[PDB]
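Student:
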Amino acid sequence: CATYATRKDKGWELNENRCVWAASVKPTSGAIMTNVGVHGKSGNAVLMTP
Amino acid sequence: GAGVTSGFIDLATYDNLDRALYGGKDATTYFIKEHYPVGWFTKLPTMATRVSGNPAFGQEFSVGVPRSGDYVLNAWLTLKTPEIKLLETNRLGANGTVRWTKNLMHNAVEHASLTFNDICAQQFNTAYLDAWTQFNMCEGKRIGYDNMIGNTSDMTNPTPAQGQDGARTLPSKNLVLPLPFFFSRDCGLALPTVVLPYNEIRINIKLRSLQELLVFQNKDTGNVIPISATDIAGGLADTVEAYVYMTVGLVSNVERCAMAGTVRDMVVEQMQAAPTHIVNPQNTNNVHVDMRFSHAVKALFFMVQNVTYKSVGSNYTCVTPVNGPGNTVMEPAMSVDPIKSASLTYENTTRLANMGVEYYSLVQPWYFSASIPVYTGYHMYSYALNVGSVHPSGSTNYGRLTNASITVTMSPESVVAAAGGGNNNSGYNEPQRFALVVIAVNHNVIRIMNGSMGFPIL
Amino acid sequence: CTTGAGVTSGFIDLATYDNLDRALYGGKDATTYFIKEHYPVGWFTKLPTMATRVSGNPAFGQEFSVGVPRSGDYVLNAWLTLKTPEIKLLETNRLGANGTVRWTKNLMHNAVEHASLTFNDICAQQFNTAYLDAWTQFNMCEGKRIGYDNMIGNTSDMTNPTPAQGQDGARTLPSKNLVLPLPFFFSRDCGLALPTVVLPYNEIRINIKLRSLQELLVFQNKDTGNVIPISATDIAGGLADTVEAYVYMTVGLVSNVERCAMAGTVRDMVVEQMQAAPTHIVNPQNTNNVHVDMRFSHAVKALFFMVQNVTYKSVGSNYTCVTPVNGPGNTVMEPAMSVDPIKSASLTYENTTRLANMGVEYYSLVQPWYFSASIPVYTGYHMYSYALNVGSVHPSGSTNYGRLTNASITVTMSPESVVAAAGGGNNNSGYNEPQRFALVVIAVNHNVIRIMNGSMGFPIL
Amino acid sequence: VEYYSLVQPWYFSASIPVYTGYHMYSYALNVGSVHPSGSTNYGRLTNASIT
Amino acid sequence: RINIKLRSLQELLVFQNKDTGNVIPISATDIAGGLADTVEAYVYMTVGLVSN
Amino acid sequence: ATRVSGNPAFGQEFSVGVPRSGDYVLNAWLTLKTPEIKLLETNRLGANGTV
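Protein chains in written order, with the deposited numbering: chain A, 3 to 52; chain B, 6 to 463; chain C, 3 to 463; chain D, 362 to 412; chain E, 207 to 258; chain F, 53 to 103.
1. Return the CA-CA distance between F/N100 and C/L357, expressed in angstroms with no decimal places.
2. Report the partner residues of B/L119 according to the DSSP bridge assignment.
3. For the stretch 209 to 258 of chain B, which segments carrying the beta strand (DSSP E) assignment without a break, of at least 3 residues, lie completely within its bounds, in sequence order?
4. So the alpha helix (DSSP H) C/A423 belongs to, where does it begin and stop?
5. Under 8 Å Cβ to Cβ from B/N320, same chain only, skipping five residues before and after it: list those, please.
6. Could you check the C-alpha separation between B/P370 and B/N130 for me, to the nearest Å?
7. Using 8 Å as the cut-off, can you tell me whether the stretch 62 to 73 of chain F makes contact with the stretch 238 to 252 of chain E, which would need three or more C-beta pairs spanning the two stretches below that distance?
8. Where C/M385 and C/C323 are concerned, what is the direct C-alpha to C-alpha distance, given to the nearest angstrom?
9. At which residues does the beta strand (DSSP E) containing A/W14 begin and terminate?
10. Hey, would you say C/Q222 sits closer than 7 Å to C/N328, going by beta carbons?
11. Let me check one thing: in DSSP terms, what residues is B/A61 bridge-paired to?
12. Name the chain I residues whose beta carbon is nearer than 7 Å to that of D/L406?
13. With 16 other CB atoms within 10 Å as the buried threshold, where does C/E418 fall?
14. Between the stretch 369 to 388 of chain C and chain F, which residues of the former have a C-beta closer than 7 Å to a C-beta of the latter?
15. Using a Cβ cut-off of 7 Å, pull out every chain E residue sitting near B/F36, in sequence order please.
16. DSSP state of C/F46, grouped into three classes?
17. Check whether the stretch 400 to 415 of chain C and the stretch 31 to 43 of chain B touch, using three or more Cβ-Cβ pairs below 8 Å as the test.
18. From this set, B/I124, B/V256 and B/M276, which residue's C-alpha is nearest C/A17's C-alpha?
19. Can you say whether C/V284 is buried or exposed, counting buried as having 16 or more other CB atoms within 10 angstroms of its CB?
20. B/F460: buried (16+ other C-beta within 10 angstroms of its C-beta) or exposed?
21. When you compare the CB positions of A/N19 and B/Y19, do they come within less than 7 Å of one another, or not?
22. Sort C/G240, C/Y133 and C/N290 by Cα distance to C/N95 and report the nearest one.
23. Taking the straight line between their C-alpha atoms, what separation do you get for B/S394 and B/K303?
24. Helix, strand or coil for C/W137, going by three-state DSSP, please let me know.
25. So, for B/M276: in the same chain, excluding its five sequence neighbours on each side, which residues have a beta-carbon less than 7 Å away from its beta-carbon?
26. For the alpha helix (DSSP H) that contains C/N152, what are its first and last residues?
27. Unbroken beta strand (DSSP E) runs of length 3 or more, entirely within the stretch 308 to 363 of chain B: which are they?
28. Work out the CA separation of B/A389 and C/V114 for me, nearest whole Å.
29. Across which residues does DSSP place C/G69 in a beta bridge pair?
30. Could you check the C-alpha separation between B/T412 and B/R297 for me, to the nearest Å?
31. So, F/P71 versus F/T86, is the Cβ gap smaller than 7 Å?
32. Which residue or residues does DSSP assign as beta-bridge partners of B/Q275?
33. Taking the continuous alpha helix (DSSP H) assigned at C/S189, which residues delimit it?
34. Ignore the nearest five residues each way along the sequence and tell me which others in E/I232's own chain have a CB closer than 7 Å to its CB.
35. Report yes or no: is there a C-beta of chain C within less than 7 Å of the C-beta of residue 2 of chain B?
36. Should B/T18 be flagged as near chain A, meaning a C-beta pair shorter than 7 Å?
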């Protein structure tokens, strides 16, 4: 005979249905240096997600 | 000041009730419209093929349906009103005004019929037009309809003689009336002219005499007398200019040949009108009228019309309208529908008891129609859930039903207005006569095969 | 006219064609117009039926109960009819010559409060005047508005003030019957109908409590525009406590092919109920904002909140900040200053404001324009909607309040209401006497009703 | 108010107050009895209100 | 982005002659308080959150 | 809506960007408060003039 008023829940709905939605961030390309160079001469970069 | 993240608690709220209502792998979602292709076609207006006579007042002319069109789905009739000028040589002298009758259209046309070859298919008239327009009018188009058919508060305004203050004349402007037909009821119902190369279709339109189309009112005693040619300037032009237009649609060659040479069945609605019954409230208060209809009836409209003068039309009130201040027409104070109560009898079996007239006036239109009338009278009763729905609903067939009767009990206002004794501009200054009119709307079936059409049940 | 176009003019329009036209139209599986698919429907009939009264004789100011008749497979329409008494003022009234009597605005939707529909002995639905006003002002199908305003009173004849017999206006208020439809879950849509043939073990009953005629009649002062209660000796013929009122319901009969087939099976139906928050008194002189805590159970759909002027019990449906006053021509006119008392409103969940302090015009116009079938034509009638279509029977977006914790609504009042609360106005100004206001909040929620073994109950409760 | 004042003490108490005020609502058949009777706990029950 | 262009207040006020029925453009000195070029205005929109 | 450029004023064009972090945008409206008009007796039209 469980009802809405007598339940032991309330205040925990976020932790229960915490997977209903998520947050989207601004897209960002991954530009990381592969090698720092030899004696400060060479070096190059690679875009992971252009 | 809130932000998108301010929510998410609505989504967090999710219980057994929400599982039952929303959610699910097969559950549909909004914000996504499933698009499906439709047929390729086009439409354009054309005239109707004149094949019989010329339009004139009081005569009947028939116009053919043009061929060489894949589909015809519309029909309207346009007519230009003549010019009316008052003269001091009128029989009423100075105390006399002329004005167009209320609802100029839905008048000047009677017994409008559609015929295959010459076999009658369906037919309508003033009573059915008025009832349909007052019961199934979509709002927003009400002002447009009340403008295109007269009722512009310009034709119905009384105009005094030249010597009086009001010397204005009635303008001559063209008015258009749509023709309610089974092909015009729905887009999916149209005449397959390409499938019907043998049959030929005619529209028979009968005008009305110009004598009863104009109201000649005495502004003092409130009396109406028939008009004559000498009263107005120029004269009564018997001949009138009128045309019929229709929208014809064309289809693609890829599917016209595929659909050519098949068999089709259509469902249409027809109109039946019982003969008018003269009612005399002086003798008694109850009037019984037998109804004889054939097919599966869907709705009934019954009214009592004041038929004292033919000049005034569409007056379903016990008292005729009279003149008022500002060169206008107004309805007198004592003005109620003559019908007080009504009932039905299915062979000595009272289907509906002595219900009040307010029930038919308001409750039935409120529940089983798209509109409620704004005028007195216009009583209806429908066996179907929706009157305007082309798709069939619950209905009863009178072919297998025995004789049925309708009983009406009149009102004390009607019986006291039947006799004269009214004062000046009281409407009932003269004895009044009333006629009960009953019309029915039903269904039928149309079969198309072998380039010809006919009723399978006849 | 001279129409040289002809049928052949459309051949160019038919011939013109491109990739866009190929994507939109065309295709072997594409449906076509001018051909309507027909499908059979059930065989049935409908007819009105008298409802059986089981509680004495109806009278004004009392409660009367009427059962639902059997022998009908479904009931899907209910309305009430009532014949108003004839009212005629007398020169011996308390107000003397300077005094008029008129019927209150919205005579129907008044004198009917807390109307309830009960199964067996369990309260299943219940509505009142505020809900009736809000629903008929928000979900009104245009075209029937004139019929409604002619059938529920406000016919420009019952509401016109009538002076005493010895004055210029000796007209008596006519005694004409009036009808009020009853909005219920089965009456909302044809698809939802009560299976009376399937429920023989429950007594379906309707309880209607009328209102005393003392507060149904407005006794207005001619000059100063004041309202005092009406007494029996003031009007001719006294006050008839008894009155003839009837309830009519429409039944539907169906064939045996399915009326017995559907029996013996568990059926689940979705219905719409009402939850009304307790009324709170507001004094704009002391406070500028008022917070109301709302507690509801099921998935709410809409929230209607209005502030009502409750200075006089005789006048009803007065959501303006200034009471109406008599005007020239024996007619009632809204005073010059008449604006909705609410200046702004906001909604708060927990301590987070889901809705900011938006303007009153938002709820007044924008929300009805987008998520309703009509826009109110009177001041007040503020709405919020969680669903795309309020009037749609099919469920739309809605948030359950059972799992939601305490929620609050904050209303910031208007300076017009603040100054109208204090009196000092001259004659016929409406706010000549001090004004008191009350806040009412109404919510609409979904629910599930299950029919099983010849009885009905709420599986969730 | 007279309901709480008189009817409830008449049925679920051993005495009726002789002074104004003192309104009672008892969930149990006998207030004075030390043996437990019908009663509901407010710990599992979301906050209620008196009007 | 949404771009909105607002006209000047000159083409919004009708200054009609009482009798001859003539219309002339409005001026700053015609009305009290001047002609505030700036205006209080915002743009709102409704967003819809769906399931993950 | 997040303003990105322009100051709302009569006779000028301003641009407002659509806010992010949502999923679907299905509505849009604009609100603006009109000024107060106070005609003066020193107008060019004189007494015979209405604004």
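Cβ coordinates follow ideal geometry from the N, Cα and C atoms, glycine included.
Tutor: Judging by the given coordinates:
1. 49 Å
2. Answer is B/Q127 and B/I208, bridged to B/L119.
3. Unbroken beta strand (DSSP E) stretches of 3 residues or longer found wholly inside the stretch 209 to 258 of chain B: 219 to 222 and 247 to 256, given in chain order.
4. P417 to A423
5. Apart from the 5 residues on each side of it in sequence, B/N320 sits with its Cβ closer than 8 Å to the Cβ of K107, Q310, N311 and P326 in its chain, given in chain order.
6. 21 Å
7. yes
8. 18 Å
9. Element bounds for A/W14: n/a, residue is neither H nor E.
10. Yes, these two residues count as a Cβ contact at 7 Å.
11. B/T244
12. Of the protein chains in this structure, namely A, B, C, D, E and F, none is chain I.
13. buried
14. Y372
15. Result: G254.
16. strand
17. no
18. B/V256
19. buried
20. exposed
21. Pairing A/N19 with B/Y19 gives a Cβ-Cβ distance under 7 Å.
22. C/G240
23. 11 Å
24. DSSP places C/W137 in helix when its eight states are reduced to three.
25. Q127, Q128, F129, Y133, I444 and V446
26. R147 to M153
27. 327 to 329, 333 to 335, 344 to 351 and 355 to 361
28. 30 Å
29. C/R207
30. 15 Å
31. Cβ distance not < 7 Å, so F/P71 and F/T86 don't count as in contact.
32. Under DSSP, B/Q275 forms a beta bridge with B/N447.
33. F187 to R190
34. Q216, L219 and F221
35. Chain B is shown from 6 up to 463; residue 2 of chain B falls before or after that span and cannot be answered.
36. yes
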